[PDB]
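One chain comes next, on its own, written out as structure tokens in the form deposited in one PDB entry.
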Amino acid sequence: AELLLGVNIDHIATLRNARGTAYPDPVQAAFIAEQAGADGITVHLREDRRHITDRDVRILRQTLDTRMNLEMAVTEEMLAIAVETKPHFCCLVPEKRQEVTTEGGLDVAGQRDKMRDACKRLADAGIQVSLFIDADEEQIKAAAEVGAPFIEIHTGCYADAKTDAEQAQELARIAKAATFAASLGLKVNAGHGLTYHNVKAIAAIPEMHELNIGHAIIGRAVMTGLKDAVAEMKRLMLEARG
């Protein structure tokens, strides 16, 4: 199957927000990424508007040349913005104000009715919803039951592995989890913590549809520039698939 790359540009905004300036502008990064290998642009509108802001999402929706993937918390505030913005994709993730980044996966089991109503509301607006969960068989079953067509498997543990043996374990865990998801008719994506040195093993998973990568790309971009950083990532991914 084909492998797509979704560039998350949140960290361009984390750099802008460090100061009250307008640069660097996520709108510019979007254009560069979309013309360098990005098949879609992902932004996570946090309730504390830590990096990406409402302004960014509003403009991006009008300038993006590819489909927008809006990552957000499952709250009334975000559900409302999502419906009005009508992005092509919507990835629901867990969120906390004092968190460094998206922690574990989203709890779909012990929160079924909440996720059921969310998927339906977004679906009515014409948005394809993806659920960001761990490589957990129980979480996978829920996602498929709440009505979500997509699920994004958290790869943070995989990328955080200390030893080669622990990494192999997380990798096998993800792969299996991805295989089962597919049997349930779920389309599977992955993301979080993927770098230039560990993306290939993940891109190798046949079931994987799109990888959403942000931090590693932006981290690389400050050195070589966004174009080469994105092109580099896409190439590695295609080499792993083919």
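Only residues modelled in both forms are compared. Each residue number is its position in the shown sequence, starting from 1. For clarity, a rigid core is taken as the largest C-alpha set superposing within 1.5 Å between two forms.
Thinking of the other compared PDB entries, is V100 one of those residues unmodelled in at least a third of them?
-> Counting only entries that model residues on both sides, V100 is unresolved in at least a third of them.
Could you check the entry and say whether 13 to 21 or 229 to 237 has the higher mean CA B-factor?
-> In the deposited entry, the stretch with the higher C-alpha B-factor mean is 13 to 21.
Between 213 to 221 and 189 to 197, which has the higher average C-alpha B-factor in the PDB entry?
-> It is 189 to 197.
Split the chain's modelled residues into thirds by Cα B-factor; is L3 in the lowest, middle or highest one?
-> For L3, whose C-alpha B-factor we compare with every modelled residue in the chain, the answer is the middle third.
Going by the recorded CA B-factors, say which third of the chain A175 sits in, lowest, middle or highest.
-> Its C-alpha B-factor belongs to the highest third of this chain's values.
What third of its chain's C-alpha B-factors does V27 belong to: lowest, middle or highest?
-> Within its chain, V27 is a lowest-third residue by C-alpha B-factor, going by the deposited values.
Assigned third (lowest, middle, highest) for the C-alpha B factor of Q62 = Bottom third by C-alpha B-factor.
What third of the chain, by the recorded C-alpha B-factor, contains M208?
-> Middle third, going by the recorded CA B-factors of the chain.
The next section is about a form of this same protein that is not shown, the form deposited in another entry.
Rigid-core fit between this form and the one not shown, the member of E138, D124, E103, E84 whose C-alpha shifts 2 angstroms or more | None of the others reach 2 Å, which leaves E103.
Do the C-alpha atoms of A73 and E99 sit closer or farther apart in the other form than they do here, given a shift of 3 Å or more?
-> Residues converge in the other form, at least 3 Å closer.
Outcome for the Cα pair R97, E138 in the other form, compared with this form (closer or farther; change of 3 Å or more) = Closer in the other form, by 3 Å or more.
Looking only at residues in both forms, which consecutive runs of at least three have C-alphas displaced 2 Å or more between this form and the one not shown after fitting the rigid core?
-> After superposition, only residues 96 to 103 shift as a run.
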